[PDB]
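Below: the structure, in structure tokens.
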Amino acid sequence: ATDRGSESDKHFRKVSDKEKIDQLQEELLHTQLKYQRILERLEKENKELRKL
Amino acid sequence: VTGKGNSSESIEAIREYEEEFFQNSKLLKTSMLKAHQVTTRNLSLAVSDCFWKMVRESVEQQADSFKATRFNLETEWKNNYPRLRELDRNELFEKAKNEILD
């Protein structure tokens, strides 16, 4: 374990995953994703040629 | 919406003031204040709803730091104290007591 890259990689991966589920990404789940339905509806409006 | 009143005045004195101050004063006669700002129930509700919203939004991610702290403590143990357990005020005392008696 001492002076072994594998332990550093495991620690980095665990910390990275904890950061990935941290508050930085938690907020986006409640501020961005819930409007993807409106984005999809706007995409449907854009693809329709009525406006053009 | 309160007046000097006294310590014995009930909550309904707040409703009475919500009527008298704002129907009598410039706060509505000159539209300085909006009706929803007159109501203190609107302060209570604005605080409560956004409070629980903040709860649901942010409290969950406190688990990341809890897990990080547990990981760090257990890491120090595994590296240096593999025999270390929840050796709180009771367990260490009991072990020392038994060693002393022996």
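Residues are referred to by chain and number: the chain letter is A, B, ... according to the order shown in the structure tokens, the number counts from 1 in that chain, and ligands are numbered separately from 1 in the order shown.
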- Message: What's around range 1-4 of chain A at 12 Å? Count only C-alpha atoms, leave out sequence neighbours fewer than 5 positions away in its own chain, and write the answer as a list in words.
- Response: residues 9, 10 and 11 of chain A; 78 and 79 of chain B
Using only C-alpha atoms, I'd like every residue of chain A that has an atom within 7 Å of chain B; please write them out as a PDB file with N, CA, C and O atoms, in the first residue's frame.
ATOM      1  N   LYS A  18     -17.545  11.386  -4.602  1.00  0.00           N
ATOM      2  CA  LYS A  18     -18.197  12.159  -3.550  1.00  0.00           C
ATOM      3  C   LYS A  18     -18.427  13.596  -3.999  1.00  0.00           C
ATOM      4  O   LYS A  18     -19.479  14.180  -3.717  1.00  0.00           O
ATOM      5  N   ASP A  22     -21.869  15.876  -4.750  1.00  0.00           N
ATOM      6  CA  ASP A  22     -21.818  16.933  -3.751  1.00  0.00           C
ATOM      7  C   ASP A  22     -22.863  18.002  -4.080  1.00  0.00           C
ATOM      8  O   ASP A  22     -23.704  17.837  -4.967  1.00  0.00           O
ATOM      9  N   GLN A  23     -22.816  19.120  -3.353  1.00  0.00           N
ATOM     10  CA  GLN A  23     -23.796  20.182  -3.554  1.00  0.00           C
ATOM     11  C   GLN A  23     -23.631  20.861  -4.908  1.00  0.00           C
ATOM     12  O   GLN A  23     -24.599  21.411  -5.446  1.00  0.00           O
ATOM     13  N   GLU A  27     -27.461  20.936  -6.850  1.00  0.00           N
ATOM     14  CA  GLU A  27     -28.298  22.085  -7.179  1.00  0.00           C
ATOM     15  C   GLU A  27     -28.797  22.010  -8.616  1.00  0.00           C
ATOM     16  O   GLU A  27     -29.969  22.296  -8.890  1.00  0.00           O
TER      17      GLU A  27
END
- Message: Let's see if you can do this: from backbone DSSP, list all alpha helix (DSSP H) residues in chain B, as a ChimeraX atom specification.
- Response: /B:12-24,26-29,35-38,40-58,62-80,89-101
- Quick one: of B:3, B:86, B:69, B:30, who's nearest to residue 17 in chain B, counting only C-alpha atoms? B:3
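Nearest residue to residue 26 in chain A among B:97, B:77, B:54, B:24 is B:54, counting only C-alpha atoms.
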